[PDB]
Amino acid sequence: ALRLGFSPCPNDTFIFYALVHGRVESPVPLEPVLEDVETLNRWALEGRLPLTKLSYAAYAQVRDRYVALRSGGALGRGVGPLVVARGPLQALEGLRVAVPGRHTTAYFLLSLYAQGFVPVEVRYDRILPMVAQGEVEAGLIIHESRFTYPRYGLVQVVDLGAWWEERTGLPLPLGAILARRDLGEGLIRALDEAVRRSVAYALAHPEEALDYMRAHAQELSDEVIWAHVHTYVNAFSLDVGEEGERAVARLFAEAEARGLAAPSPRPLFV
């Protein structure tokens, strides 16, 4: 009955596998809608879905319409987006950089890191080939590209997650699961517990989610699928925690300092 948006990447299908297949209790039935994260980011601007995975940078733009669940998100220290190129670069000034979506946390972090580049916005899976073929000088990559970029002969220019850690001493908030405020407080709290249970179920029976992950990432090898969930699913996926809350506050403080997001007294989490 409730549409639930998330991406077909192994981390999201791993996290929602149990909830989608009735392996854990849910307060209401759910209808998954699998989309690219930038598509979900755009949809959230219109408040389209009542439940949706969203880039944390994008959540900062819809706090009056959505609240973040404490569970199901993507935050951490070794999950940062990377910038890659065909060879070392002195700087990104004046260079074309393929990016996965202007509303992504990846794009926001690249913008904190460097300011003289020319962004070329494309689907994330077009980035590695575009860099290798010389269509752009660098690429901001997310998802499973962090494991496959060497296959394209590329090198890491910067690991923005590491950059963020050095700058803030905190993990990097990448993606969150948001509930539309009009669903009501009780149902939202119940959904937060449901999502936490789904994460815990997959952590306890990972192999059970495998068919579902493959079904939505058919071009990926099982090796890449297992590496992807191992990298992106961690303690923060079960609960943002006190450190994750501090991290999100710092990310939003940086956004507010650049007029990218409007301040709000509303609590960040359910």
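When you see a residue number, it is the position in the sequence shown, counting from 1.
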Where do the C-alpha atoms have the higher mean temperature factor in this entry, in 254-262 or in 15-23?
254-262
37-45 versus 230-238: which one carries the higher mean Cα B factor per the record?
37-45
Quiz for you: based on the deposited Cα B-factor, which of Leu54, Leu30, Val67, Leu203 is highest?
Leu30
Please say which third, lowest, middle or highest, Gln115 falls into when its CA temperature factor is compared across its chain.
highest
Could you say whether, by C-alpha temperature factor, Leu154 belongs to the lowest, middle or highest third of its chain?
lowest
Among the modelled residues of its chain, the C-alpha B-factor of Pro81 falls in the third labelled lowest
Against its chain's modelled residues, does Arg123's Cα B factor rank lowest, middle or highest third?
highest
Thinking about Cα B factors across the chain, which third does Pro88 belong to?
lowest
